[PDB]
Amino acid sequence: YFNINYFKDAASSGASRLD
Amino acid sequence: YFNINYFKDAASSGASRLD
Amino acid sequence: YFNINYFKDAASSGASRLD
Amino acid sequence: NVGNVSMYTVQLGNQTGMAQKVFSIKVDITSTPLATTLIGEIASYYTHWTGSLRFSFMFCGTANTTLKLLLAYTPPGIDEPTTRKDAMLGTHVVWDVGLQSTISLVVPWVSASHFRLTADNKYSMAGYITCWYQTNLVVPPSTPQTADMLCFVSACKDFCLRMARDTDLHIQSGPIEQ
Amino acid sequence: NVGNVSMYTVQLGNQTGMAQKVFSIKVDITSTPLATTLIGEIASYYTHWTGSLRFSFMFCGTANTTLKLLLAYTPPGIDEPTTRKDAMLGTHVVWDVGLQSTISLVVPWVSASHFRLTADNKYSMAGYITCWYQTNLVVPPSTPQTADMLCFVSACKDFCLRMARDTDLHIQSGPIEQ
Amino acid sequence: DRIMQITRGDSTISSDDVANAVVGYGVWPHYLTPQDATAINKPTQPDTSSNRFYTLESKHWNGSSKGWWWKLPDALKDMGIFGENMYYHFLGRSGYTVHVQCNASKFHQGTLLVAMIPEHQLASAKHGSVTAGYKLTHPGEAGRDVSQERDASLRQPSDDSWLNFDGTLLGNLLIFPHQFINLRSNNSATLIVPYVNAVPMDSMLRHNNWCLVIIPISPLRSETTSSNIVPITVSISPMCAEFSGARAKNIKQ
Amino acid sequence: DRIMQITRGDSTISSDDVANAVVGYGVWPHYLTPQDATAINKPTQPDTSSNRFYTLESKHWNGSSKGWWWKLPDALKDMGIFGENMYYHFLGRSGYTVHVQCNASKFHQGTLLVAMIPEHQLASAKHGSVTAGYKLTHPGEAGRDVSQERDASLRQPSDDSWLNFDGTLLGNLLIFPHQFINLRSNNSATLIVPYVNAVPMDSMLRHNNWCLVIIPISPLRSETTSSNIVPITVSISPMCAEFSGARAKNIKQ
Amino acid sequence: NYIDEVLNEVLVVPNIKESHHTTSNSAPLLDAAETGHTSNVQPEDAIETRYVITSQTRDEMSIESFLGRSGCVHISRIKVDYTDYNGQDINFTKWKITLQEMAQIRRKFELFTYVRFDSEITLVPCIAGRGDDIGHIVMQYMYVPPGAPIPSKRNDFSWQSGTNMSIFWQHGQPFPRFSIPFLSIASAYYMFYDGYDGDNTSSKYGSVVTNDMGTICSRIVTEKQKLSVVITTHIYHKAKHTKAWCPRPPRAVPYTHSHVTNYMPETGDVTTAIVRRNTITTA
Amino acid sequence: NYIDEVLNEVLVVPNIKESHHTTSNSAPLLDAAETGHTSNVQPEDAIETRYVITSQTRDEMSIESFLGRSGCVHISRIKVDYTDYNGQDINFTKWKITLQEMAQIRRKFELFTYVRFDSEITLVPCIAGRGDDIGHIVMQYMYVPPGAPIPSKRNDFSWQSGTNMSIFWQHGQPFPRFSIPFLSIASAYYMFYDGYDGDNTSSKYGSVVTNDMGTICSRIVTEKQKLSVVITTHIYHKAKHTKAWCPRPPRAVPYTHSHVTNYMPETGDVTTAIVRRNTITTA
Ligand SMILES: COc1ccc(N2CCN(c3cccc(C)c3)CC2)nn1
Ligand SMILES: COc1ccc(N2CCN(c3cccc(C)c3)CC2)nn1
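Heads up: the sequence lines are chains Z, Y, X, H, W, D, F, U and S, in that order.
Counting in the UniProt record's numbering, the first sequence runs from 27 upward without gaps.
Counting in the UniProt record's numbering, the second sequence runs from 27 upward without gaps.
Counting in the UniProt record's numbering, the third sequence runs from 27 upward without gaps.
Counting in the UniProt record's numbering, the fourth sequence runs from 393 upward without gaps.
Counting in the UniProt record's numbering, the fifth sequence runs from 393 upward without gaps.
Counting in the UniProt record's numbering, the sixth sequence runs from 80 upward without gaps.
Counting in the UniProt record's numbering, the seventh sequence runs from 80 upward without gaps.
Counting in the UniProt record's numbering, the eighth sequence runs from 575 upward without gaps.
Counting in the UniProt record's numbering, the ninth sequence runs from 575 upward without gaps.
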């Protein structure tokens, strides 16, 4: 389960990723 | 229903399997 | 909506079927 | 009779008169004497019933004995018939007692509402069934002159119930111990 | 004996009489002496048990020494046998002490219910096992005349448990400090 | 045709008149399968020498008779071989055939209701939580009731018929495998019954699986000399008997 | 290798030392064939529950011991199941396995001759035409002789060994199926024996087909405390038991 | 399946065909019920029937809609105490699992000899305020099979459930509801029994010999409080995935004691549902 | 997998084949247990067995269903004070993580030498009302590994958790429950140890040397209140994704002290579960 930005804005999202 | 590790980390998950 | 045995065990499930 | 077994037999008697009547019960399957019956006991677990029904009678008479009863189903509409002619007019079955022994009377389904209520209701009144002598009970010498007939009721493939509900026929004016 | 080690050995003795009896224990795997055993200790973590079981005995006797015991499994049904003949009638194994040293006795699974309860229950009574002399314990000159036999119990591939529950064999009438 | 012939051991029974035969729950009695099994030993299966036609003690049919029962695993606790194998083994399993004979003449009138019943937990005659006693639900060939008298000190069952002894209006009893003996057509009653129980093989001693009841419904009525006695005789045949869990031997009681 | 393992019922026997085993007349015991048969009924064949390893009463080996015998069809007239089926049936047929155990130490010296014998018609101890009595050739688990005392009023056999009890120089006895128990090598003796008799199935009561004898040849000699008792224990297993001619039940005697 | 299952038309009953008259030999209305069998006669046989296409399902007439319904089988009660907390056999309940201890439902089953099923549960704590404020009251319902440490009193060590099941409910959170297999041991639950404990002329005999699925102990955590309370955690039980073998006559007389069949009032010359008639002639 | 896993038929046991008699040389029933090995004899070997197709799973006999069950391992308590709020070492708890401080569960593990697993947690605050109204009482459970500022008293600065974990629970909201890896450091959790701190004849020695996974400090936010309270936030622990190496004998004697193996009552001449018999001859 993931990438389901339930919210529109980007500022709202999980902790970013890593690379 | 399964394998939906709603959480990122592995330490968080159901009781393992059997084999 | 159905057959989504959210729980592992079989003892936990809806009222069986009919046939 | 009631607290005993007899409460199950119906003795077919003398009858000085002729064309006399035996018994009657009403069809509303939740009505003592019916009720208590495996069926009744049950039906009383549902709010509505339907279909045909089957009444069977057996002669616990003798072998050399003979008789002919007339059984009848008087559909809902009027009063349980006072006389045979009046009752013979509707649904019935003449029963010839003989080498066989069991006559089975069917109770067709006559109703307005596809369905009837299991609970006492003036509307959903299923009617009456009664039994009378067609001829007599003749017995050759040195045979008893009264004998019994057992009666039963099983369903028809017609049959079906619905709307489960808790029973009538059992009040646990307890509790229950240990 | 019990708080010591001996509590583990069974000395095979003299026996003036013949065909005399050694010991007995009951099979209900949650019953001291059994219980405490790696198995028992465990089983007491589950509500139900099943399958066959294995009892093994070893001769801590001498080399020049000799004997022959008869071990038996008396299934559930009656009382632990008072006499050998009576017990020999059911499941058993004659054991010839010799160059080998270990005889293993199997306890078949005899029961009505595929499964037995781990908890003391008159119903799920597994039975008794007992040991007696077949011959004697003969020892040539200047050898002791009593000697010991150790006994053990391991499972069978038959075996299996279920319904986990908290143990019996351990009451923490504590607490526990620091 | 009504005539019937039955052969079970070294024994055979005939009946020039009958009301079919009945197979309990439409299943024919047979031997246990390695699927439903549980035990591990090889069962002893006495064939013929055991599952044969044993006849019990006879009884009188009175105008005062009330009814009499026999409990099967128990009725043959003495019947040779079967009834020894019973006592020598823990696990016992077997099905039966019940031949109920009761004749009189075509000038007689009477009706007997015969029925078998899985787990017939009887009720005590006395109010409370005291269950019927062993020794009284273990009568033997002889059966129980008749319309008899007895100590009320004994944790004694209900001699009570109409309630089914279990307190279920007799008459619904027709749900259990049954048939009648209407002296005007019938002569006997034949019940055949497989092994019913949540376990593959039970204790032939502690547990009686089948329970049989015979109850006069319409009272015997002749016009003859009461010198004319009309017995009721029961005959039984273990079928597909199987035993196991061999050992010493229990004890009679 | 000498070690041996034998499994017969729910029973097994072991022996960490042995002198082979012997099959009587080189024939292995089995069930009767529809060719040599004669009877017409279906024999009951208790398997396992019957043909299992029964052990008798034990005995003492004395420096004064003279010898002791057991008659087989008879030694198990009490051994559960087999020994009931015996009494319930007319015809009985069966073969056996004889495990003779007798240990002591490697510091002991002794020799036992074990032998089975088809039709062992014993002789009476008293001159005449009076044959041994029933009741005395029908001892039971317990066996006979030892070196015992008894009424001479009884049509009593010959307690006489060297003549074979039948009056044939013991020593020619080696013709019957046998083996010894030389305490210096041996531990047991194992005899296995089919059914020998001019008839397909005999009377398990009137006729004892096999007769077994054990005779001290070289007297037991230790240098130990006579607190050291060296028993002799016999164990037996009907094999391929088959019965038939079911009925009431004989009576014990 | 859907439609048939959503429309509930799985088990449908046949229709009543049309008939004509019969002046013929074979009389279907005549059979001999002594055979113990059941007649097979129908409308179409006895009368001059018409033609009715049916549409009644025998869905609700299935051992699963007959059985599969939640029923009070026990009412655990705790009249708390603050005076003595703990103490022996206090402020924590322990009732023996198995019905009987409650009617209605008990009667239902009993309609069959044997039986088997996974049991669904549901709790219904009801906190009665006997004080001027209860607040937060945690609860611990811990099941316990046989041979298991049953708490002597509240805070034993058995309430650690290191390997047992304990469900927790705190005032607010919805009603706990869990399930459960077919437990028992062999094949099915003995709806009766005609066996005993043993040969002991003092042994037990009844459907209490084959059913001892341990006990369940309650206990109200949260500890000592000011304003008192009393709890009544109701219990309902539902049978899901049920099975049935061999049926039997219903129970007309009001039960007695737990386990057992006994009928036998304190005089009540005994009593059944049957009503009395003046005469058979008029109904 | 499903079926096998849903039906729980993963680890099935073999069946018992059929046997016949054996009048043969090799005696399987004879082995010498001194070899330290275990016999391999079976039903089929010893008797004349039949044929039983089995159907018992050894699923529930897995280190995960043996271990994977929640158990009280600690009962944090706070008898609040309103008189002095803050003050040093008050109204905030701090217990040393690791079992022992609780039986049942402790005994379970100890069945093995080493071990390893992710730990699932669950809190169970229980607010006892000692006042005429509690209302809203926030809570802060903040974990703290080693070398970390442990709050001197309630409101330190360590309750900011700028980089620590603090779970918050407010009366109403369900029971908090989080997880946690295998922490430790090397490979697995020392279920025992036969090492010491050092050569100091005053060094430590036991399974308290290899396990110091810091401490966890509680603390009830919300500040000062009127009507008092007392809290008891229970603790349960479950082992998910567990492993096991090398087993060992269970613990029959009631433990002593935390850490350590010590057995040794205050006289109790010592005591074990073994029962006494009159005679070996009758059981
Ligand atoms: C005789 O058949 C039954 C009838 C009832 C029963 N119950 C069902 C309810 N159950 C249960 C219900 C709630 C809580 C706990 C621990 C157990 C116990 C067993 N078990 N077997
Ligand atoms: C010896 O093995 C163990 C045994 C227990 C343990 N615990 C598990 C629980 N855990 C824990 C549980 C709840 C809250 C917090 C912060 C930590 C601490 C470590 N760690 N290692």
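Ideal Cβ placement from N, Cα and C applies to all residues, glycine included.
Since residue i meets chain U, which of its residues come closer than 7 angstroms, beta carbon to beta carbon?
i: residue 505/W; result: 759 and 760
i: residue 332/D; result: 773
Taking the continuous alpha helix (DSSP H) assigned at residue i, which residues delimit it?
i: residue 267/F; result: Careful: residue 267/F lies outside any alpha helix (DSSP H), inside the beta strand (DSSP E) at 267-272.
i: residue 580/U; result: 576-580
i: residue 164/F; result: 161-164
i: residue 682/U; result: 679-683
i: residue 151/D; result: 151-154
i: residue 295/D; result: Unbroken run through residue 295/D is the beta strand (DSSP E), 289-297; no alpha helix (DSSP H).
Under DSSP, the beta strand (DSSP E) around residue i begins and ends at which residues?
i: residue 540/H; result: 539-547
i: residue 205/F; result: Where residue 205/F is concerned, there is no enclosing beta strand (DSSP E), given that its DSSP letter is neither H nor E.
i: residue 812/U; result: 803-814
Anything in chain D within Cβ reach of residue i, meaning under 9 angstroms, just list it in chain order.
i: residue 766/U; result: 197, 198, 199, 200 and 245
Check the C-beta distance from residue i over to residue j and give it rounded, since I have them as a contact under 8 angstroms.
i: residue 103/D; j: residue 272/D; result: 4 angstroms
i: residue 202/D; j: residue 245/D; result: 6 angstroms
i: residue 568/H; j: residue 763/U; result: Between residue 763/U and residue 568/H the Cβ distance is about 19 angstroms, and since that is not below 8 angstroms, they are no contact.
i: residue 587/U; j: residue 550/H; result: 7 angstroms
i: residue 295/F; j: residue 125/D; result: Rounded, the Cβ-Cβ distance is 42 angstroms, inconsistent with contact.
i: residue 652/S; j: residue 628/S; result: With a Cβ gap of about 53 angstroms, residue 652/S and residue 628/S do not count as contacting.
i: residue 631/S; j: residue 592/S; result: Not really, about 23 angstroms apart at Cβ, beyond 8 angstroms.
i: residue 487/W; j: residue 461/W; result: 5 angstroms
Can you look up residue i in the DSSP assignment and give me helix, strand or coil?
i: residue 517/W; result: coil
i: residue 608/U; result: helix
i: residue 400/W; result: helix
i: residue 640/U; result: helix
i: residue 697/S; result: strand
i: residue 254/F; result: helix
i: residue 191/F; result: strand
i: residue 171/F; result: strand
i: residue 651/U; result: strand
i: residue 321/F; result: strand
i: residue 715/S; result: strand
i: residue 479/H; result: helix
i: residue 688/U; result: coil
i: residue 619/U; result: helix
Any heavy atom of ligand 4 closer than 7 angstroms to the CB of residue i?
i: residue 811/S; result: Of the ligands this structure carries, namely ligand 1 and ligand 2, none is ligand 4.
For a contact defined as C-beta to C-beta under 8 angstroms, what are the partners of residue i on chain U?
i: residue 181/D; result: Simply none; closest approach about 13 angstroms.
Find the residues of chain S that neighbour residue i, judging by a C-beta separation of less than 8 angstroms, and give them in chain order.
i: residue 372/W; result: In the structure as shown, chain W begins at 393 and stops at 570. Residue 372/W is therefore absent and cannot be evaluated.
Does residue i have its Cβ less than 8 angstroms from a Cβ in chain B?
i: residue 632/S; result: No chain B appears in this structure, whose protein chains are Z, Y, X, H, W, D, F, U and S.
Find the residues of chain U that neighbour residue i, judging by a C-beta separation of less than 9 angstroms, and give them in chain order.
i: residue 643/S; result: 735, 736, 737, 738 and 739
- Query: Could you give the uninterrupted runs of the alpha helix (DSSP H) lying entirely in the region 404-462 of chain W, keeping only those of 4 residues or more?
  - Reply: Fully enclosed alpha helix (DSSP H) runs of 4 or longer: 432-435.
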